[PDB]
Amino acid sequence: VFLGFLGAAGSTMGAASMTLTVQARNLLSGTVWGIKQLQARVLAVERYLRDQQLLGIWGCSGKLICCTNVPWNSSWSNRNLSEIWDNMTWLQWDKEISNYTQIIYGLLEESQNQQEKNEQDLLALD
Amino acid sequence: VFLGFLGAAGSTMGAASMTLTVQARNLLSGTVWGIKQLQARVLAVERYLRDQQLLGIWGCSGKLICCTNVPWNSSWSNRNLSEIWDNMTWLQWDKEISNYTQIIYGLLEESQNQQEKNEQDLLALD
Amino acid sequence: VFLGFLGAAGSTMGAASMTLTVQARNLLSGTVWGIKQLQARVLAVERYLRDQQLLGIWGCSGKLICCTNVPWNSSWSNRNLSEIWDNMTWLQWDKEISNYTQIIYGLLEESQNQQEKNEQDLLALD
Amino acid sequence: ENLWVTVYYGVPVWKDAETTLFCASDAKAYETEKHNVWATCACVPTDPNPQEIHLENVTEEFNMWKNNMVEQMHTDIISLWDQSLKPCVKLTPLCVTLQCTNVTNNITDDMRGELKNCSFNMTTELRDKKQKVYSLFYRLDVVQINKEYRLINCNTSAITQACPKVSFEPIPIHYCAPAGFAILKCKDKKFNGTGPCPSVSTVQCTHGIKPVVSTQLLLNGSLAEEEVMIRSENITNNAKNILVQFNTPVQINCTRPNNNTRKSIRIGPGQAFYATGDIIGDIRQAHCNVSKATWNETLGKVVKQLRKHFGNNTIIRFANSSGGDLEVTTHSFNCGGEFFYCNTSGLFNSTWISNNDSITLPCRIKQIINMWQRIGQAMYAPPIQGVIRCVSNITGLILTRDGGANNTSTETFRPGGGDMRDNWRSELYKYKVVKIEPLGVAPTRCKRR
Ligand SMILES: *[C@@H]1O[C@H](CO)[C@@H](O[C@@H]2O[C@H](CO)[C@@H](O[C@@H]3O[C@H](CO[C@H]4O[C@H](CO)[C@@H](O)[C@H](O)[C@@H]4O)[C@@H](O)[C@H](O[C@H]4O[C@H](CO)[C@@H](O)[C@H](O)[C@@H]4O[C@H]4O[C@H](CO)[C@@H](O)[C@H](O)[C@@H]4O)[C@@H]3O)[C@H](O)[C@H]2NC(C)=O)[C@H](O)[C@H]1NC(C)=O
Ligand SMILES: *[C@@H]1O[C@H](CO)[C@@H](O[C@@H]2O[C@H](CO)[C@@H](O[C@@H]3O[C@H](CO[C@H]4O[C@H](CO)[C@@H](O)[C@H](O)[C@@H]4O)[C@@H](O)[C@H](O[C@H]4O[C@H](CO)[C@@H](O)[C@H](O)[C@@H]4O)[C@@H]3O)[C@H](O)[C@H]2NC(C)=O)[C@H](O)[C@H]1NC(C)=O
Ligand SMILES: *[C@@H]1O[C@H](CO)[C@@H](O[C@@H]2O[C@H](CO)[C@@H](O[C@@H]3O[C@H](CO[C@H]4O[C@H](CO)[C@@H](O)[C@H](O)[C@@H]4O)[C@@H](O)[C@H](O[C@H]4O[C@H](CO)[C@@H](O)[C@H](O)[C@@H]4O)[C@@H]3O)[C@H](O)[C@H]2NC(C)=O)[C@H](O)[C@H]1NC(C)=O
Ligand SMILES: *[C@@H]1O[C@H](CO)[C@@H](O[C@@H]2O[C@H](CO)[C@@H](O)[C@H](O)[C@H]2NC(C)=O)[C@H](O)[C@H]1NC(C)=O
Ligand SMILES: *[C@@H]1O[C@H](CO)[C@@H](O)[C@H](O)[C@H]1NC(C)=O
Ligand SMILES: *[C@@H]1O[C@H](CO)[C@@H](O)[C@H](O)[C@H]1NC(C)=O
Ligand SMILES: *[C@@H]1O[C@H](CO)[C@@H](O)[C@H](O)[C@H]1NC(C)=O
Ligand SMILES: *[C@@H]1O[C@H](CO)[C@@H](O)[C@H](O)[C@H]1NC(C)=O
Ligand SMILES: *[C@@H]1O[C@H](CO)[C@@H](O)[C@H](O)[C@H]1NC(C)=O
Ligand SMILES: *[C@@H]1O[C@H](CO)[C@@H](O)[C@H](O)[C@H]1NC(C)=O
Ligand SMILES: *[C@@H]1O[C@H](CO)[C@@H](O)[C@H](O)[C@H]1NC(C)=O
Ligand SMILES: *[C@@H]1O[C@H](CO)[C@@H](O)[C@H](O)[C@H]1NC(C)=O
Ligand SMILES: *[C@@H]1O[C@H](CO)[C@@H](O)[C@H](O)[C@H]1NC(C)=O
Ligand SMILES: *[C@@H]1O[C@H](CO)[C@@H](O)[C@H](O)[C@H]1NC(C)=O
Ligand SMILES: *[C@@H]1O[C@H](CO)[C@@H](O)[C@H](O)[C@H]1NC(C)=O
Ligand SMILES: *[C@@H]1O[C@H](CO)[C@@H](O)[C@H](O)[C@H]1NC(C)=O
Ligand SMILES: *[C@@H]1O[C@H](CO)[C@@H](O)[C@H](O)[C@H]1NC(C)=O
Ligand SMILES: *[C@@H]1O[C@H](CO)[C@@H](O)[C@H](O)[C@H]1NC(C)=O
Ligand SMILES: *[C@@H]1O[C@H](CO)[C@@H](O)[C@H](O)[C@H]1NC(C)=O
Ligand SMILES: *[C@@H]1O[C@H](CO)[C@@H](O)[C@H](O)[C@H]1NC(C)=O
């Protein structure tokens, strides 16, 4: 089944995790009044490289999905495994986690690939 | 400790190697007089993709740090391991190596991933 | 030997495969009449990200060279291994394959990394 | 044994295309300043050490007659002329009745005046009292009306005076291609400019091409190699111009023996018109010298190349223009700011069968011009003080052949021009724009598990 772009918006997060390769595909898409689209598609590629930079400096690089060594803080809406992927949409989840997105981002770019890669540099010399 | 953007500029290279994820984060940052900033953030993203292209064609791709199979030529300011990371700043080091940066770049983009990946092409078929 | 940008244009594909890191380097390069170059370097970076997007959605990502799991259809100019890399230039080859480039592209973006990565998602959960 | 596709990034693969070219004009030309002469204002400085990579084994087909760089350069120079004339003083209140008379001289009746001493009204700085001032205009600039005259461009378009700060001096301009494109250059000594080229090289920026706007005689151009070159899109077609390129330059000297004065009459507030005052010295006409010996050897070397295409044993006769506008029947060019129109009847008056001084040519001077066949913008060239002397190189011709021959073995050639694109085709014949497609797939015995 292929619901299309933004297809599984009202479905659970577990169900919407199957449509990751659909919203990612149509995210980049390949005299005045003609500069209207130029400045827009320039901000479009700046927004794309912005997200790609965040996805790269973290422990992912490989897009779509990646795991991390970060303990899930109970204060970030303490929910259960079966209460998130089978009872909540991505919009409803982002509405709750909007307070802690920047904190987690800081715990992802700094605490991980800056201490993990240096650890590998210490593990790869021997 | 987080000295901030350009924090460890006067610190040793070994100490400044801990602040790699700080200068990399703030490197991209997300009628006339309005095109003044447009042409600037366009050169900003061209400078970013330029460095990312050099970082990609080499044996790195994964940013921050990466190792290479290139012997350190003594003519490139023959210093010791403890005389570089514990007695020299990055500005002072780049001032000396400015003559050989382009040579090393040539020995990194050509000699490595062009002969190494083809070697893997011969090693991955069996 | 370094023939330079577009150096091995008249050489065989096997010989021209050694100069991949040269044409890739000079591909990005870092009031009216000043917007003349602006709109051009914007189309330049759009052409670059277009090729990088095609190179990413396929089974490559790592630039220069990458292998794929696609059987070569004999109808696509049935030539031999030694008759391509040691008897044909890249311009002469692209002149013949121009009909089937879009077909192969379709067999590369859809049939591979859409079925291969989902297979890995099934292989990585156990 | 079964092959597998492999993506290669960075392959020497290009295809013919058209893109947006930018400029380049050294670093010493920017030191010429003088309030931005011609174009060089925000132009990128030319690379001190240009690189030209000779593509060995490469044979590429060029086409000077289907080349887009010519059209781009033409539109670029046109837009340049407009941007150079937008902030200049507009001579809107200059179409007043001109009470003209003969210049102060002493006969004969065959001198036909040429110079007219016009008296007229003018608006001063204030919007009340007028101004009874006089100037000196050429006959090609005025026209009587029923002695009272008027400017020849009244019931055509507007007129703007060229600012005295800028100059019309052709400076070398290197055309360069952005990233992803390249310019191919033919480096063979006998490239008659169409078809496959044996020795092809790649460049980022072309050599210094001076935009010399001229007709009939190609001035300040690139010399040909070995034998003089003859280029035509269709030799059997007598409607297509024949661009001739010389090997040895023909020394030409043009002078203006009328060292003039600039009257700065004030059409305030702010604006100021530069009229022509009295002439200091003798009333002489502008003229151009061509060395008789050089012209003989050049013509005798060209006719020997002309016999290679119209039969070995034929008669080649030279005649001047058939008629039309002044820009086509005369050698139109710019020198020192003035616009000369020289009589080329002493150069194309010959008859060549199968087997010590200077030739002076009468040159007229026009100040109100409408080059590139443009209607809407008439430019008034301000007078230039001092005797103007200029030495140039005749490096090529633009010839046309007469039609409906059938009978007879002789061929007659006359000077032509009009289309200024031909002036650019004489330098862009050895260059062409290509786009790089570095993505190339190819089979080999490689896969993963
Ligand atoms: C093909 O290419 C050739 C080669 O360049 C070119 O010949 C050039 O011809 C032009 C005339 O059209 C020349 O440019 C002028 O030259 C005169 C005379 O030069 C003397 O002065 C210098 C001073 O050091 C001497 O070194 C030199 O040897 C000569 O003795 C200059 O007087 C001109 O200067 C004025 O005119 C310029 C344009 O109008 C101004 O931009 C410049 O600032 C000067 O203006 C000021 O001085 C004026 C002097 O009276 C004054 O009245 C003005 O109001 C203003 O204040 C000018 O430079 C040039 O010399 C020739 N080239 C060479 C190598 O000699 C052809 O023209 C070209 N063909 C075509 C069709 O373009
Ligand atoms: C273009 O045409 C215009 C006219 O439209 C010309 O400009 C005029 O030129 C004439 C010259 O032919 C000028 O006439 C001269 O005026 C001088 C001004 O003197 C003033 O002051 C004296 C007192 O000192 C008064 O007596 C006099 O009336 C003036 O008010 C006179 O001094 C000149 O006289 C001298 O020359 C004549 C020549 O025959 C002698 O007979 C005299 O004895 C004396 O030596 C002379 O009369 C006129 O003033 C100009 N007008 C303007 C508005 O500038 C150009 O000359 C003409 N150019 C060309 C190339 O044809
Ligand atoms: C082309 O036509 C122009 C028309 O403008 C002529 O230019 C004039 O030429 C004359 C003659 O050379 C110049 O007159 C000269 O004036 C000098 C003094 O000028 C300065 O001082 C006065 C005040 O006294 C100021 O107003 C002025 O602005 C200057 O600051 C004299 O010293 C000259 O005499 C010396 O030179 C001559 C040769 O030129 C010698 O015979 C003398 O014995 C003496 O040594 C002279 O009288 C006049 O200044 C010029 N005007 C302008 C605007 O440039 C050109 O001469 C003419 N050229 C040709 C080839 O025909
Ligand atoms: C253009 O003018 C130059 C300069 O006067 C002429 O060159 C001179 O030629 C004579 C005769 O050969 C020599 O004696 C001089 O030494 C030359 N002078 C210079 C500065 O070169 C040239 O012949 C003229 N050409 C034409 C066609 O009139
Ligand atoms: C977890 O949340 C609590 C309370 O909101 C906070 O004290 C703690 O700092 C959080 N953990 C991290 C790693 O930020
Ligand atoms: C389930 O939710 C409760 C209540 O917030 C919490 O105590 C518990 O830690 C959660 N368990 C899991 C597995 O998320
Ligand atoms: C967001 O943070 C604010 C400030 O502490 C708080 O009032 C609000 O309840 C928080 N919302 C969520 C969904 O955590
Ligand atoms: C190292 O530098 C020395 C001296 O400059 C030179 O002899 C040698 O060829 C260089 N080797 C490399 C690999 O750069
Ligand atoms: C120090 O540098 C010298 C000279 O190149 C060399 O002989 C020595 O091995 C180096 N020692 C260390 C510890 O790097
Ligand atoms: C840079 O190279 C130049 C030229 O050989 C030389 O004079 C200078 O000493 C070099 N500087 C360094 C820091 O190597
Ligand atoms: C291979 O090419 C042949 C002939 O054009 C065609 O019949 C067949 O469908 C093609 N197969 C594939 C997989 O492209
Ligand atoms: C060589 O070409 C023949 C004839 O088309 C074909 O049978 C064979 O598979 C080809 N072999 C290779 C290695 O390409
Ligand atoms: C391209 O396809 C067309 C139409 O099928 C055909 O006429 C032509 O021969 C083909 N050329 C190549 C090089 O495959
Ligand atoms: C000059 O004067 C003569 C004599 O009156 C006259 O015939 C002629 O029209 C005037 N103008 C010219 C340009 O000769
Ligand atoms: C303008 O021309 C008229 C012609 O009718 C004349 O009477 C007058 O003197 C001229 N000049 C001035 C300043 O009015
Ligand atoms: C022109 O040169 C040709 C060829 O050498 C010749 O026959 C002729 O007499 C020359 N003309 C003059 C006027 O010298
Ligand atoms: C050509 O020269 C003749 C002299 O015989 C002259 O009468 C005629 O006007 C000239 N034609 C052109 C177009 O120059
Ligand atoms: C050009 O010169 C010839 C010969 O003197 C002459 O017959 C002709 O009328 C002139 N052309 C013009 C337009 O003056
Ligand atoms: C052309 O040359 C011939 C031969 O010298 C001469 O008789 C004729 O008058 C010339 N034509 C012109 C317009 O000078
Ligand atoms: C023009 O020709 C003369 C005469 O040989 C030469 O000195 C000069 O350099 C030439 N100008 C060029 C080629 O731009």
# chains A, B, ... in the order shown; residues from 1 in each chain; ligands from 1
call {"tool": "residues_around", "arguments": {"residues": "residue B:65", "least_positions_apart": "5", "cutoff": "8 Å", "atoms": "only C-alpha atoms", "output": "PyMOL selection string"}}
result
(chain A and resi 117-118) or (chain B and resi 60)
call {"tool": "residues_around", "arguments": {"residues": "residue D:24", "least_positions_apart": "5", "cutoff": "7 Å", "atoms": "only C-alpha atoms", "output": "tab-separated table (two decimals) with C-alpha atoms, in the first residue's frame"}}
result
chain	number	residue	atom	x	y	z
D	43	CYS	CA	33.91	42.31	-13.91
D	44	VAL	CA	35.88	39.39	-12.47
D	45	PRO	CA	39.67	39.82	-12.83
D	46	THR	CA	41.21	37.40	-15.32
D	173	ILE	CA	36.99	40.95	-22.55
D	174	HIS	CA	37.45	37.27	-21.66
D	175	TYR	CA	34.21	35.26	-21.72
D	176	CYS	CA	34.17	32.46	-19.16
call {"tool": "residues_around", "arguments": {"residues": "residue D:52", "least_positions_apart": "5", "cutoff": "7 Å", "atoms": "only C-alpha atoms", "output": "ChimeraX atom specification"}}
result
/D:201-203
call {"tool": "write_last_selection", "arguments": {"atoms": "N, CA and C atoms", "output": "PDB file, in the first residue's frame"}}
result
ATOM      1  N   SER D 201      41.305  21.550 -27.586  1.00  0.00           N
ATOM      2  CA  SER D 201      41.752  21.792 -26.225  1.00  0.00           C
ATOM      3  C   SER D 201      40.595  22.397 -25.444  1.00  0.00           C
ATOM      4  N   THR D 202      40.656  22.287 -24.124  1.00  0.00           N
ATOM      5  CA  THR D 202      39.614  22.833 -23.272  1.00  0.00           C
ATOM      6  C   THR D 202      40.169  24.012 -22.487  1.00  0.00           C
ATOM      7  N   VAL D 203      39.321  25.029 -22.313  1.00  0.00           N
ATOM      8  CA  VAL D 203      39.647  26.224 -21.550  1.00  0.00           C
ATOM      9  C   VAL D 203      38.444  26.680 -20.737  1.00  0.00           C
TER      10      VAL D 203
END
call {"tool": "closest_residue", "arguments": {"among": "C:39, C:12, C:47, C:64", "to": "chain D", "atoms": "only C-alpha atoms"}}
result
C:64
call {"tool": "residues_near_ligand", "arguments": {"ligand": "ligand 2", "cutoff": "6 Å", "atoms": "only C-alpha atoms and all ligand atoms", "output": "list in words"}}
result
residues 103, 104, 117, 119, 134 and 278 of chain D
call {"tool": "select_by_dssp", "arguments": {"residues": "chain C", "states": "strand (DSSP E)", "output": "list in words"}}
result
residues 67, 68, 69, 70 and 71 of chain C
call {"tool": "write_last_selection", "arguments": {"atoms": "N, CA, C and O atoms", "output": "tab-separated table (two decimals), in the first residue's frame"}}
result
chain	number	residue	atom	x	y	z
C	67	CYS	N	28.81	-0.59	-6.82
C	67	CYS	CA	28.26	-1.72	-7.54
C	67	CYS	C	26.76	-1.85	-7.30
C	67	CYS	O	26.21	-1.30	-6.34
C	68	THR	N	26.10	-2.60	-8.18
C	68	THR	CA	24.67	-2.80	-8.07
C	68	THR	C	24.30	-4.22	-8.48
C	68	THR	O	25.03	-4.90	-9.20
C	69	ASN	N	23.14	-4.65	-8.00
C	69	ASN	CA	22.59	-5.98	-8.25
C	69	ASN	C	21.62	-5.96	-9.43
C	69	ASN	O	20.47	-6.38	-9.30
C	70	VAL	N	22.04	-5.47	-10.59
C	70	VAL	CA	21.19	-5.42	-11.76
C	70	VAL	C	21.82	-6.17	-12.93
C	70	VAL	O	22.92	-5.81	-13.37
C	71	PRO	N	21.18	-7.22	-13.44
C	71	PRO	CA	21.73	-7.96	-14.59
C	71	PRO	C	21.73	-7.10	-15.85
C	71	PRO	O	20.73	-6.46	-16.18
call {"tool": "residues_around", "arguments": {"residues": "residue B:124", "least_positions_apart": "5", "cutoff": "7 Å", "atoms": "only C-alpha atoms", "output": "PyMOL selection string"}}
result
chain D and resi 446-448
call {"tool": "write_last_selection", "arguments": {"atoms": "N, CA and C atoms", "output": "PDB file, in the first residue's frame"}}
result
ATOM      1  N   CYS D 446      31.525  -6.700 -10.715  1.00  0.00           N
ATOM      2  CA  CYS D 446      31.497  -6.261  -9.324  1.00  0.00           C
ATOM      3  C   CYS D 446      30.090  -6.217  -8.750  1.00  0.00           C
ATOM      4  N   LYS D 447      29.970  -6.713  -7.522  1.00  0.00           N
ATOM      5  CA  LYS D 447      28.739  -6.666  -6.745  1.00  0.00           C
ATOM      6  C   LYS D 447      29.133  -6.753  -5.270  1.00  0.00           C
ATOM      7  N   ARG D 448      28.146  -6.969  -4.402  1.00  0.00           N
ATOM      8  CA  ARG D 448      28.330  -7.363  -3.017  1.00  0.00           C
ATOM      9  C   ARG D 448      27.908  -8.824  -2.840  1.00  0.00           C
TER      10      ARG D 448
END
call {"tool": "residues_around", "arguments": {"residues": "residue A:77", "least_positions_apart": "4", "cutoff": "9 Å", "atoms": "only C-alpha atoms", "output": "PDB file with N, CA and C atoms, in the first residue's frame"}}
result
ATOM      1  N   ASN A  73      14.399   9.889  28.844  1.00  0.00           N
ATOM      2  CA  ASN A  73      14.045  10.589  30.069  1.00  0.00           C
ATOM      3  C   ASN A  73      12.545  10.527  30.329  1.00  0.00           C
ATOM      4  N   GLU A  96       3.699  17.419  22.127  1.00  0.00           N
ATOM      5  CA  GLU A  96       4.086  17.223  23.513  1.00  0.00           C
ATOM      6  C   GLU A  96       5.590  17.400  23.666  1.00  0.00           C
ATOM      7  N   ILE A  97       6.372  16.840  22.735  1.00  0.00           N
ATOM      8  CA  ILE A  97       7.831  16.885  22.850  1.00  0.00           C
ATOM      9  C   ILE A  97       8.426  18.196  22.354  1.00  0.00           C
TER      10      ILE A  97
END
call {"tool": "interface_residues", "arguments": {"of": "chain A", "to": "chain B", "cutoff": "9 Å", "atoms": "only C-alpha atoms", "output": "JSON, numbers by chain"}}
result
{"A": [39, 42, 46, 47, 49, 50, 51, 53, 54, 56, 57, 61, 109, 110, 113, 114, 115, 117, 118, 121]}
call {"tool": "calpha_fit_and_write", "arguments": {"fixed": "chain B", "moving": "chain A", "output": "short mmCIF file (atom, residue, chain, number, x, y, z; two decimals) with C-alpha atoms, in the first residue's frame"}}
result
data_model
loop_
_atom_site.label_atom_id
_atom_site.label_comp_id
_atom_site.auth_asym_id
_atom_site.auth_seq_id
_atom_site.Cartn_x
_atom_site.Cartn_y
_atom_site.Cartn_z
CA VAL A 1 33.26 22.73 29.46
CA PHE A 2 31.94 24.58 26.40
CA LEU A 3 34.03 27.60 25.40
CA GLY A 4 31.69 28.27 22.47
CA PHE A 5 32.25 29.04 18.82
CA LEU A 6 35.98 29.41 18.09
CA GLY A 7 36.53 28.84 21.82
CA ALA A 8 39.82 26.91 21.82
CA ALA A 9 41.54 29.15 19.28
CA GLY A 10 44.51 29.87 21.56
CA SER A 11 44.66 26.36 23.04
CA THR A 12 46.84 23.52 21.77
CA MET A 13 45.68 21.42 18.84
CA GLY A 14 45.16 18.45 21.16
CA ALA A 15 42.94 20.58 23.39
CA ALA A 16 41.18 22.21 20.43
CA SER A 17 40.37 18.75 19.01
CA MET A 18 37.69 18.44 21.72
CA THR A 19 35.76 21.46 20.36
CA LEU A 20 35.32 20.12 16.81
CA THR A 21 31.56 19.69 17.16
CA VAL A 22 31.15 23.37 18.14
CA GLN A 23 32.65 25.21 15.16
CA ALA A 24 30.98 22.68 12.84
CA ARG A 25 27.53 23.34 14.31
CA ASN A 26 27.56 27.13 13.83
CA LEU A 27 29.14 26.83 10.36
CA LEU A 28 25.86 26.58 8.41
CA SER A 29 23.35 28.12 10.87
CA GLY A 30 20.00 26.78 9.70
CA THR A 31 14.04 45.50 -3.74
CA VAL A 32 17.77 45.93 -3.09
CA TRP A 33 19.47 45.72 0.33
CA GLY A 34 17.61 42.42 0.77
CA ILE A 35 19.74 40.71 -1.88
CA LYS A 36 22.79 41.71 0.18
CA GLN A 37 22.11 38.81 2.53
CA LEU A 38 20.84 36.52 -0.23
CA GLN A 39 24.09 36.53 -2.22
CA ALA A 40 26.00 36.14 1.05
CA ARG A 41 24.10 33.13 2.34
CA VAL A 42 24.35 31.64 -1.14
CA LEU A 43 28.12 31.96 -1.01
CA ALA A 44 27.82 30.54 2.52
CA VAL A 45 26.17 27.35 1.33
CA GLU A 46 28.53 27.13 -1.65
CA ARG A 47 31.47 27.29 0.79
CA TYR A 48 29.80 24.64 2.92
CA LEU A 49 29.17 22.23 0.07
CA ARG A 50 32.72 22.93 -1.17
CA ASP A 51 34.20 21.74 2.12
CA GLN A 52 31.72 18.84 2.26
CA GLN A 53 32.80 17.77 -1.23
CA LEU A 54 36.45 17.77 -0.23
CA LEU A 55 35.52 15.88 2.96
CA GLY A 56 33.58 13.35 0.87
CA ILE A 57 35.94 12.57 -1.99
CA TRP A 58 38.65 11.79 0.60
CA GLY A 59 38.75 8.74 2.88
CA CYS A 60 36.47 10.32 5.49
CA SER A 61 32.82 11.01 4.57
CA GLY A 62 32.07 10.66 8.26
CA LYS A 63 32.86 14.21 9.39
CA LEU A 64 34.79 15.50 12.41
CA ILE A 65 37.69 13.01 12.32
CA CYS A 66 38.97 10.31 9.98
CA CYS A 67 42.29 8.53 9.56
CA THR A 68 44.26 8.08 6.35
CA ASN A 69 46.95 5.85 4.84
CA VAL A 70 49.29 8.73 3.98
CA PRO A 71 52.84 8.83 5.42
CA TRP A 72 53.67 12.12 7.11
CA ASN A 73 56.39 13.73 5.01
CA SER A 74 59.21 15.10 7.16
CA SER A 75 59.57 18.13 4.86
CA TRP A 76 56.13 19.33 6.01
CA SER A 77 57.66 20.86 9.13
CA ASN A 78 59.21 17.82 10.80
CA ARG A 79 57.75 18.07 14.30
CA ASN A 80 57.09 15.45 16.97
CA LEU A 81 53.79 14.03 18.23
CA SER A 82 54.16 15.74 21.62
CA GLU A 83 55.41 19.00 20.05
CA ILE A 84 52.27 19.52 17.92
CA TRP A 85 49.28 18.52 20.07
CA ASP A 86 50.81 19.96 23.26
CA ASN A 87 52.81 22.95 21.98
CA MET A 88 51.07 24.48 18.93
CA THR A 89 47.79 26.17 18.02
CA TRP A 90 45.79 25.46 14.87
CA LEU A 91 46.50 28.95 13.50
CA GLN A 92 50.23 28.50 14.04
CA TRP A 93 50.13 25.08 12.42
CA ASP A 94 48.16 26.20 9.37
CA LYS A 95 50.62 29.09 8.97
CA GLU A 96 53.47 26.62 8.42
CA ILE A 97 51.57 23.99 6.41
CA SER A 98 49.98 26.57 4.07
CA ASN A 99 52.54 25.62 1.39
CA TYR A 100 51.64 21.92 1.36
CA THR A 101 47.88 21.95 1.95
CA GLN A 102 47.12 21.69 -1.78
CA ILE A 103 49.71 18.93 -2.23
CA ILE A 104 48.27 16.84 0.58
CA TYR A 105 44.78 17.48 -0.77
CA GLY A 106 45.95 16.07 -4.09
CA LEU A 107 47.45 13.05 -2.36
CA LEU A 108 44.12 12.52 -0.52
CA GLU A 109 41.51 12.82 -3.27
CA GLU A 110 43.47 11.01 -6.01
CA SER A 111 45.82 8.46 -4.39
CA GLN A 112 43.25 7.09 -1.92
CA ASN A 113 39.54 6.64 -2.72
CA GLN A 114 40.34 6.19 -6.43
CA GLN A 115 42.74 3.27 -5.82
CA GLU A 116 41.19 2.02 -2.56
CA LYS A 117 37.57 1.79 -3.73
CA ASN A 118 38.61 0.10 -6.97
CA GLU A 119 40.58 -2.33 -4.82
CA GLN A 120 37.42 -2.98 -2.83
CA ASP A 121 35.54 -3.55 -6.09
CA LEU A 122 38.13 -6.24 -6.81
CA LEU A 123 37.82 -7.63 -3.26
CA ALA A 124 33.99 -7.61 -3.16
CA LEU A 125 33.37 -9.61 -6.35
CA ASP A 126 34.85 -12.82 -4.93
#
call {"tool": "interface_residues", "arguments": {"of": "chain D", "to": "chain B", "cutoff": "12 Å", "atoms": "only C-alpha atoms", "output": "list in words"}}
result
residues 1, 2, 3, 4, 6, 8, 9, 10, 179, 444, 445, 446, 447, 448 and 449 of chain D
call {"tool": "atom_distance", "arguments": {"atom1": "atom 13 (C, counted along the ligand's line) of ligand 20", "atom2": "atom CA of residue D:426"}}
result
14.9 Å
call {"tool": "residues_near_ligand", "arguments": {"ligand": "ligand 20", "cutoff": "8 Å", "atoms": "only C-alpha atoms and all ligand atoms", "output": "VMD selection string"}}
result
chain D and resid 220 to 223 248 to 251 392 to 393
call {"tool": "residues_near_ligand", "arguments": {"ligand": "ligand 14", "cutoff": "9 Å", "atoms": "only C-alpha atoms and all ligand atoms", "output": "VMD selection string"}}
result
chain D and resid 101 to 103 107 to 116 139 147
call {"tool": "write_last_selection", "arguments": {"atoms": "C-alpha atoms", "output": "compact mmCIF listing (two decimals), in the first residue's frame"}}
result
# COMPACT_ATOMS: atom_id res chain seq x y z
CA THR D 101 25.05 79.11 -42.33
CA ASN D 102 28.29 78.21 -44.06
CA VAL D 103 31.49 77.84 -42.05
CA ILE D 107 35.23 78.74 -51.60
CA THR D 108 35.10 76.80 -54.02
CA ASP D 109 31.56 75.68 -54.82
CA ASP D 110 32.62 72.01 -54.78
CA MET D 111 33.42 72.06 -51.04
CA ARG D 112 29.64 71.64 -50.40
CA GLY D 113 29.93 73.12 -46.91
CA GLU D 114 29.76 69.88 -44.91
CA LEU D 115 30.09 71.96 -41.71
CA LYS D 116 27.09 74.13 -40.75
CA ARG D 139 25.66 67.96 -42.67
CA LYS D 147 18.22 78.94 -44.22
call {"tool": "residues_near_ligand", "arguments": {"ligand": "ligand 4", "cutoff": "7 Å", "atoms": "only C-alpha atoms and all ligand atoms", "output": "JSON, numbers by chain"}}
result
{"D": [251, 252, 253, 289, 290, 291, 358, 391]}
call {"tool": "write_last_selection", "arguments": {"atoms": "C-alpha atoms", "output": "PDB file, in the first residue's frame"}}
result
ATOM      1  CA  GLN D 251      48.534  49.105 -41.376  1.00  0.00           C
ATOM      2  CA  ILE D 252      45.854  51.816 -41.592  1.00  0.00           C
ATOM      3  CA  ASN D 253      46.187  55.404 -40.320  1.00  0.00           C
ATOM      4  CA  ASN D 289      45.816  55.969 -45.303  1.00  0.00           C
ATOM      5  CA  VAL D 290      46.419  52.384 -46.441  1.00  0.00           C
ATOM      6  CA  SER D 291      49.929  51.362 -47.560  1.00  0.00           C
ATOM      7  CA  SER D 358      49.588  55.648 -49.381  1.00  0.00           C
ATOM      8  CA  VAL D 391      46.718  53.596 -36.080  1.00  0.00           C
TER       9      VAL D 391
END
